[PDB]
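Peer 1: Protein chains in written order, with PDB author numbering: chain F, 264 to 280; chain A, 10 to 44, 64 to 208, 219 to 280, 285 to 396, 402 to 430, 437 to 549; chain B, 65 to 281, 284 to 396, 402 to 431, 436 to 549; chain C, 263 to 281, 284 to 396, 401 to 506, 510 to 547. Virtual Cβ for every residue (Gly too), placed ideally from N, Cα, C. One structure, as structure tokens, below. Some questions next.
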Amino acid sequence: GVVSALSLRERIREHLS
Amino acid sequence: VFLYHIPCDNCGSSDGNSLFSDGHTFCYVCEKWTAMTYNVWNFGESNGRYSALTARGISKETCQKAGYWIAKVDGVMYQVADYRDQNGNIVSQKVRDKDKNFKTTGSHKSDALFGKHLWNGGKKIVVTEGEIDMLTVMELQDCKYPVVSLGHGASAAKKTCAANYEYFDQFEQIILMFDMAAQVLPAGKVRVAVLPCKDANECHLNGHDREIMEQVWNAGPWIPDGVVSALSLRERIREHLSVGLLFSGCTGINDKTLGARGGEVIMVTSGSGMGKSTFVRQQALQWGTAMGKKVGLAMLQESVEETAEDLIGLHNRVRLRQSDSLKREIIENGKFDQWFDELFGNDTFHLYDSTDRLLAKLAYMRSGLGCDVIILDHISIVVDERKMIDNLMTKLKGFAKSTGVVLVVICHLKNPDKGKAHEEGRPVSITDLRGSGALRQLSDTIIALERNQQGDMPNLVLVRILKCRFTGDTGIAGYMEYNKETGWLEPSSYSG
Amino acid sequence: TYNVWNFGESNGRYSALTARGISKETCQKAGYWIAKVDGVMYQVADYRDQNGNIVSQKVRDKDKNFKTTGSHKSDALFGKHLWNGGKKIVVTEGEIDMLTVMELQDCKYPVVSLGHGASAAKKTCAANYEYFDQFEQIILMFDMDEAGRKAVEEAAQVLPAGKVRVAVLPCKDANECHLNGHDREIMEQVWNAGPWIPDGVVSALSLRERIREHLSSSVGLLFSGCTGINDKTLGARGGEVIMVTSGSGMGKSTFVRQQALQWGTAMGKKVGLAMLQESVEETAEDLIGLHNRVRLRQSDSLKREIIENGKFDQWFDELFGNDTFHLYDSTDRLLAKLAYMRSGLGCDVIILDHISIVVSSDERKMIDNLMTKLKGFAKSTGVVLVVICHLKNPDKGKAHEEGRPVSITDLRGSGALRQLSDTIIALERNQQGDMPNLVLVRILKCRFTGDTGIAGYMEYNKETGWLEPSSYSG
Amino acid sequence: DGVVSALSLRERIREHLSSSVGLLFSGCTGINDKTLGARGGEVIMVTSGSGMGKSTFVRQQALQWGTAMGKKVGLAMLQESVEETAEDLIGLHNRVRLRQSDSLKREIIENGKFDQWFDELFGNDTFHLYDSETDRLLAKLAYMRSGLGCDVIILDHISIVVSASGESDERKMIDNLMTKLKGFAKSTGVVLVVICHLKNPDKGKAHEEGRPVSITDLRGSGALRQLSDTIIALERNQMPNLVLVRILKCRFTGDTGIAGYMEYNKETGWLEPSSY
RNA sequence: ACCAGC
Ligand SMILES: Cc1cn([C@H]2C[C@H](O)[C@@H](COP(=O)(O)OP(=O)(O)OP(=O)(O)O)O2)c(=O)[nH]c1=O
Ligand SMILES: Cc1cn([C@H]2C[C@H](O)[C@@H](COP(=O)(O)OP(=O)(O)OP(=O)(O)O)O2)c(=O)[nH]c1=O
Ligand SMILES: [Mg+2]
Ligand SMILES: [Mg+2]
Ligand SMILES: [Zn+2]
């Protein structure tokens with residue numbers, strides 16, 4: 264359930280899309 | 010017992026054969042001796077052989093005198109051990125193989141031991157937790173001294189050792205070799231010795247078996263629990279002497299707080315929406331990537347991506363969530379990953395995605416990932438509303454104790470009744486913490502934020518220290534000015 | 065298990081007892097016989113009803129094991145069928161004792177035996193209350209063990225009063241005194257025994273020496291920092307629970323630690339701490355820094371300095387040379408650890424801290444049971460017990476930390492804390508007022524002297540940590 | 263059966279009023297005017313706050329009942345041990361502070377006057393003490413009534429005989445203990461004094477500050493005022512020595528309310544009658 | 001049969 268900040272490379276731009 | 014000598018018949022000697030009181034004779038020359065499953069396995073049916081163990085080292089006579097025999101049934105190899113009674117009959121068996129298939133056949137009692145069917149009188153006794161170490165002590169002592177072993181392990185010592193009391197009462201001194219704690223035995227009698235290896239088998243296989251036998255005859259006292267005398271604090275204090287983390291954003295805080303320590307509870311409060319998340323986010327961003335410490339956040343208000351966008355827009359001194367064209371421009375030119383890599387190359391930040404399930408995740412974050420500062424936000428969803442919050446604060450104080458972690462907790466305030474509200478600039482008191490009255494009893498540092506959004510300066514804030522155990526300096530720390538264009542609030546020099 | 069074993073089908077035979085000293089006549093009269101089944105000779109006892117109907121067997125083997133033949137009744141007494149009246153009975157614990165008394169009296173006095181032993185004697189004596197009404201004197205004859213004293217104490221409660229008399233024996237019970245030749249000393253215990261006195265009540269004249277012993281004992287430990295406190299407290303004696311309270315972070319632990327240091331380095335008293343707020347190393351460094359009149363943890367440069375020049379051992383040996391201090395490492404197990412700290416180590420002062428985690436269902440019954448257990452532990456021990464507690468939230472008015480005078484009914488959690496604590500001391504200071512280093516001591520409750528109110532004033536030092544007796548006038 | 267007709271009862275009613285009445289109190293006159301002394305088979309319940317002197321008054325009444333009348337008195341002090349509750353009565357007889365003076369202890373050891381102080385009061389067998401479950405205590409009291417032959421039974425500090433046992437619901441245990449003690453006092457016909465405590469008020473002042481007590485301020489249950497005969501409350505303020516007595520319930524008489532005023536002595540320990 | 005003696 265704990266996700267580190269390194270794996271948010273293709274998630275922030277997916278949220279902004 | 011020996012009586013006298015008779016002339017032998019096999020060797021034909023005169024004084025070679027010896028007669029005993031038991032009726033048997035023995036010659037020293039010719040070497041001739043005269044005279064679940066619920067099924068106990070027969071010895072001759074399952075091909076019982078007294079083979080000596082080779083890979084660890086146990087003689088054949090010890091396996092004969094102990095009853096630890098190898099079965100060759102069904103083409104595989106089993107090591108059956110036998111548990112007996114005081115009468116001299118087989119009570120139960122234990123089957124062990126390479127996969128450790130624990131197939132305990134027969135009536136396995138709750139007070140089953142090993143090696144008690146031969147020994148009733150004596151002075152010393154050695155109790156072990158396994159069977160290989162017990163046979164190893166029998167190898168070192170040539171199978172002549174009283175040594176027993178538990179038949180259920182060191183996990184259920186409160187049942188096996190408690191049921192057998194009069195058997196251990198017959199001796200003078202009881203020596204334990206469990207782990208390198220059962221108080222049901224009488225006091226002033228039980229000794230516990232310490233070996234420099236894992237068990238006796240490692241000292242046997244690594245030449246330290248002398249350190250077995252030096253600890254048997256010279257074992258140490260009981261020493262029940264963690265009652266620590268003052269003599270045993272020579273090196274722990276010297277290790278503890280060989285640190286306050288600096289509060290970024292204002293220099294007036296560190297002049298009277300001297301930072302935070304290992305096992306330090308910091309509480310952050312203000313009015314309804316006065317910017318607790320922004321201030322704690324600024325402290326997290328200035329502590330994570332600028333000091334080399336690993337920080338674990340647990341922001342429960344927003345999601346993971348939204349606080350990631352906050353952090354990215356904060357560090358680049360812009361306002362990301364306040365313009366759509368600014369979000370659109372940074373992705374069309376490839377500068378988005380440049381903000382990503384220079385901030386997340388060190389991986390000091392760890393976010394949390396969303402009540403006892405939280406404490407295991409905090410333990411997995413602290414022990415596993417190895418962080419130093421853990422931040423919790425929005426306590427209202429987690430928390437009758439008096440017993441739960443007190444139990445939660447007690448569990449977090451116990452988690453922060455003896456770990457070395459800085460625990461930051463964001464809380465709220467209650468609604469006032471008379472006078473002016475908190476949004477107009479009311480000086481907050483210490484007893485305004487809602488939910489309970491124990492939140493100011495376990496917290497070690499309490500910081501309150503005060504600002505007036507409808508007054509003269511809607512971007513001037515005040516920091517108020519309410520509780521400090523380290524120094525004892527509480528009150529107004531200073532003033533800071535908030536930026537409506539970059540988000541970074543700066544230390545000001547406003548005077549009253 | 066199966067049925068009542070007949071002597072014909074089990075080869076019954078009445079013989080004597082050489083190893084215990086009983087002839088065959090007594091076992092012939094009673095009915096304790098020997099069966100030859102399955103090779104091993106089994107001993108077996110017979111039970112009868114009031115009329116004489118055989119109802120139960122007790123089968124015992126060669127290796128001290130028990131075997132019941134079926135439903136063992138609660139009114140089963142060994143020897144009840146033979147006697148139906150009399151003025152003086154003797155109740156024995158086991159079964160060989162009754163045969164021994166029959167041997168030494170030539171079958172004259174009505175002597176019976178129990179059917180349960182010392183484990184369930186109260187039930188079988190409550191279920192046999194109607195049988196003991198037709199008698200005139202009852203002589204209890206039990207073992208000279210702790211279980212025997214427990215049986216003769218608790219089983220003599222459901223018996224009629226004025227007819228119960230207890231005899232004593234120098235052996236375990238009467239049979240070894242029969243074997244050791246003490247046949248004359250047991251008959252005087254049958255004829256003239258001691259009545260049902262030692263239940264727990266005492267006489268008004270038997271205390272005359274012991275009140276003298278307490279008169280020759284019980285000196286109060288003088289407090290430090292203020293001489294106005296000792297003028298209305300007169301120290302702390304054995305069995306004294308002292309409660310300390312103030313607001314949140316007002317100086318409870320600092321004052322208690324200073325009191326502990328002044329009792330340690332100046333009186334030689336063995337002090338046991340149970341500090342649960344912080345661990346062992348922090349309070350150890352606080353004691354070391356406070357003895358040297360500095361603030362040890364509040365100076366990183368001083369901690370770096372004193373470890374280089376080697377003067378840390380000069381401060382360690384002067385404190386922990388005699389090992390007068392004994393610390394604790396962090402619910403019912405705490406009582407056992409404090410019992411081992413008192414009895415096994417030999418301390419005189421026991422200090423706890425922050426009782427709210429210890430009481431962390437309904438908290439009121441838990442804190443009442445906890446205070447009852449600590450009061451019972453302080454009773455009959457002779458130890459000073461210092462307990463630190465906190466306060467609750469006031470409804471209206473100002474806060475407790477802002478210099479508000481605190482009342483005795485502000486102790487949180489329950490009202491049972493002030494009902495058992497002897498001396499309650501509250502601390503008052505105002506951190507937001509004029510002087511945040513001037514404190515006030517308030518005696519809220521005092522069972523011994525009875526003088527309550529403001530004791531004195533002390534001034535706190537921000538540099539050395541030693542608060543001093545001031546001379547302020549309110 | 264228990265169907266006793268009223269006609270065959272003339273001799274029992276004639277002998278019932280022949281035996284009793286008496287055992288006057290001490291300290292105040294209004295207590296004797298409103299309660300008319302303590303009688304056999306009654307339940308006297310003395311209430312106060314915390315450390316308000318609820319034990320000193322009962323020990324002073326016990327001294328006046330054991331000295332001036334010679335009645336056999338059985339005490340059950342669970343607040344302190346028997347080494348102290350028999351010590352303070354000597355100082356109360358000799359008008360000094362025996363426990364509160366280290367200098368007088370060595371003086372009565374050396375001069376041997378402690379032997380004379382023990383002989384001048386304990387020459388008779390009128391004091392039966394006890395030191396420390402709930403089932404064996406009533407057996408001790410039955411032994412004191414039947415075997416020892418006591419007249420006044422004092423049960424101090426009831427709050428540790430209903431809380432020291434492991435029970436799910438305490439109130440039914442309090443009810444059972446209260447009705448069994450009432451049945452014991454009815455069957456034996458003995459003077460019985462039982463000391464309890466009060467609870468926390470919801471607002472206002474404290475009971476140690478001059479709060480007027482209510483009858484619903486009893487802590488633990490509501491059977492303490494429904495199965496008792498006389499309820500006596502003590503109140504003072506901390510004039511730190513002006514204590515007043517309130518009769519909250521009297522089943523025999525009807526006059527309740529304020530009985531009077533007493534003053535505490537700091538040199539002798541007696542409770543002198545005040546004037547106000 | 002072996003080991004030790006004194
Ligand atoms: C009495 C006093 C203490 N102090 C400082 C020194 C103390 O170490 C610090 C408070 O630490 P503590 O003494 O530990 O406070 P506490 O025991 O009353 O309560 P808690 O631990 O639960 O918070 O306050 C002052 O600055 N001025 C003062 O006058
Ligand atoms: C009544 C009274 C007592 N005192 C003193 C005498 C004693 O030292 C102390 C109270 O005496 P105690 O009778 O021992 O107090 P208590 O019985 O009410 O306490 P608890 O409920 O916990 O058992 O206060 C006064 O100073 N002035 C007074 O008016
Ligand atoms: Mg503290
Ligand atoms: Mg009292
Ligand atoms: Zn031969």
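Relative to the alpha-carbon of residue 283 (chain C), which residue among C:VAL337, C:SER345, C:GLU374 and C:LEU362 has its alpha-carbon at the smallest distance?
Peer 2: Absent from the coordinates is residue 283 (chain C), which sits in the stretch where chain C moves from 281 straight to 284.
Peer 1: Give me, in chain order, the residues of the same chain whose beta-carbon lies closer than 6 Å to that of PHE206 (chain A); leave out the 5 immediate sequence neighbours on both sides.
Peer 2: For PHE206 (chain A), where only same-chain residues beyond five positions count, the Cβ hits under 6 Å are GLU157 and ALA182.
Peer 1: What's the C-alpha gap between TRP147 (chain B) and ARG413 (chain C)?
Peer 2: If you take the alpha carbons of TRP147 (chain B) and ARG413 (chain C), they lie about 33 Å apart.
Peer 1: Going by the beta-carbon positions, is the gap between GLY179 (chain A) and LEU141 (chain A) smaller than 7 Å?
Peer 2: Contact flag set, yes.
Peer 1: How long is the line joining the alpha carbons of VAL310 (chain C) and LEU342 (chain C), rounded to whole angstroms?
Peer 2: Between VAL310 (chain C) and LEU342 (chain C), the C-alpha separation is close to 16 Å.
Peer 1: Is there contact here, the stretch 250 to 268 of chain A with the stretch 294 to 314 of chain A, by at least three beta-carbon pairs under 8 Å?
Peer 2: Too few Cβ pairs lie closer than 8 Å, so no.
Peer 1: Which of the three DSSP states, helix, strand or coil, is assigned to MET309 (chain B)?
Peer 2: Residue state, collapsed to three classes: strand.
Peer 1: Under a Cβ-count criterion, where at least 16 other Cβ atoms within 10 Å of its own Cβ denotes burial, should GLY264 (chain A) be classed as buried or exposed?
Peer 2: That one is exposed.
Peer 1: If you drop the 5 nearest sequence neighbours on each side, which residues of the same chain put their C-beta closer than 6 Å to that of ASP110 (chain B)?
Peer 2: The residues are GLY95.
Peer 1: What distance in whole Å lies between the Cβ atoms of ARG479 (chain C) and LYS471 (chain C), which are believed to be in contact at a cut-off of 8 Å?
Peer 2: Going by Cβ atoms, the distance from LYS471 (chain C) to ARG479 (chain C) rounds to 11 Å, so no, they are not a contact pair.
Peer 1: According to DSSP, what are the bridge partners of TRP42 (chain A)?
Peer 2: DSSP lists A:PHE35 as partners of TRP42 (chain A).
Peer 1: Taking beta-carbon pairs under 8 Å, can you tell me which members of the stretch 248 to 277 of chain A lie near chain B?
Peer 2: For the stretch 248 to 277 of chain A, which is checked against every Cβ of chain B, the residues closer than 8 Å are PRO262, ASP263, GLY264, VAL265, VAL266, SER267, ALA268, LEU269, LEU271, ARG272, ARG274, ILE275 and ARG276.
Peer 1: Distance cutoff 7 Å, beta carbons only. Does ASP110 (chain B) sit that close to anything in chain C?
Peer 2: Judged by the 7 Å Cβ criterion, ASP110 (chain B) is not in contact with chain C.
Peer 1: For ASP395 (chain A), go through chain F and note every residue whose CB falls closer than 8 Å to its CB, in chain order.
Peer 2: What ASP395 (chain A) touches in chain F: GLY264, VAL265 and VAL266.
Peer 1: Cβ of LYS318 (chain B) versus every heavy atom of ligand 3: is any distance shorter than 6 Å?
Peer 2: It does: the Cβ of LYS318 (chain B) is within 6 Å (strictly closer) of some heavy atom of ligand 3.
Peer 1: Report the CB separation of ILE354 (chain A) from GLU347 (chain B) in whole angstroms; it is logged as a contact under 8 Å.
Peer 2: That belief does not hold up - the Cβ atoms of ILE354 (chain A) and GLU347 (chain B) are roughly 41 Å apart, past 8 Å.
Peer 1: What is the rounded straight-line gap between the Cα of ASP389 (chain A) and the Cα of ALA350 (chain A)?
Peer 2: Going from the Cα of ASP389 (chain A) to the Cα of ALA350 (chain A) covers about 13 Å.
Peer 1: From what residue to what residue does the alpha helix (DSSP H) around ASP352 (chain A) run?
Peer 2: That run of the alpha helix (DSSP H) goes 346 to 357.
Peer 1: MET162 (chain B) lies in the alpha helix (DSSP H); which residues open and close that run?
Peer 2: Here the alpha helix (DSSP H) through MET162 (chain B) covers 160 to 167.
Peer 1: Using the rule of at least 16 other Cβ atoms within 10 Å of the residue's Cβ for burial, across every protein chain shown, is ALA99 (chain B) buried or exposed?
Peer 2: Looking at its Cβ environment, which holds 16 or more other Cβ atoms inside 10 Å, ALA99 (chain B) is buried.
Peer 1: Looking at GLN328 (chain B) and ligand 4, is the gap between the Cβ and the nearest heavy atom below 6 Å?
Peer 2: Not so, every heavy atom of ligand 4 lies at least 6 Å from the Cβ.
Peer 1: For a contact meaning CB atoms closer than 9 Å, what does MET412 (chain A) contact in chain F?
Peer 2: Near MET412 (chain A) (Cβ distances below 9 Å), the residues of chain F are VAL265.
Peer 1: Check whether the Cβ of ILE428 (chain C) lies closer than 7 Å to any Cβ atom in chain B.
Peer 2: For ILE428 (chain C), the answer is yes, since a Cβ of chain B falls inside 7 Å of its Cβ.
Peer 1: Return the first residue and the last residue of the alpha helix (DSSP H) that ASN444 (chain A) is part of.
Peer 2: 440 to 453 is the extent of the alpha helix (DSSP H) around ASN444 (chain A).
Peer 1: Could you please give me the residues that DSSP links to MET341 (chain B) through a beta bridge?
Peer 2: DSSP lists no partner for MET341 (chain B).
Peer 1: Quick one: grab the DSSP three-state call for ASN239 (chain B).
Peer 2: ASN239 (chain B) falls in the helix class under three-state DSSP.
Peer 1: Mind checking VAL266 (chain F): buried by the 16 CB within 10 Å criterion, or exposed?
Peer 2: Flag for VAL266 (chain F) reads exposed.
Peer 1: May I ask you to list the residues that DSSP assigns as paired with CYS464 (chain A)?
Peer 2: None, per the DSSP bridge assignment.
Peer 1: On a CA-only basis, which of B:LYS214, B:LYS318, B:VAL108 and B:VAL123 is nearest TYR535 (chain B)? Give me that one, please.
Peer 2: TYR535 (chain B) has its Cα closest to that of B:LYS318, out of B:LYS214, B:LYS318, B:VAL108 and B:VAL123.
Peer 1: Report the CB separation of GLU438 (chain B) from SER312 (chain B) in whole angstroms; it is logged as a contact under 8 Å.
Peer 2: In fact, because the Cβ distance is near 21 Å, the residues do not count as touching under 8 Å.
Peer 1: Counting only C-beta atoms, is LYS151 (chain B) closer than 7 Å to chain C at any point?
Peer 2: So, not an interface residue.
Peer 1: With distances taken from each beta carbon to the nearest heavy atom of ligand 5, which residues come in below 6 Å, in chain order?
Peer 2: This selection yields A:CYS17, A:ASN19, A:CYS20, A:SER22, A:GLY25, A:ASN26, A:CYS36, A:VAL38, A:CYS39 and A:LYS41.
Peer 1: In the DSSP assignment, the beta strand (DSSP E) including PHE391 (chain C) goes from what residue to what residue?
Peer 2: Segment 391 to 394, the beta strand (DSSP E) holding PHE391 (chain C).
Peer 1: Reducing DSSP to helix, strand and coil, say where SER431 (chain B) ends up.
Peer 2: Coil.
Peer 1: If distances are taken between C-alpha atoms only, which option among A:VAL119, A:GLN169, A:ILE373 and A:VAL285 comes closest to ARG248 (chain A)?
Peer 2: Ranking the options by Cα distance to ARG248 (chain A), first place goes to A:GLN169.
Peer 1: For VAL254 (chain A), report the span of its alpha helix (DSSP H) as first-last.
Peer 2: 248 to 254 is the extent of the alpha helix (DSSP H) around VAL254 (chain A).
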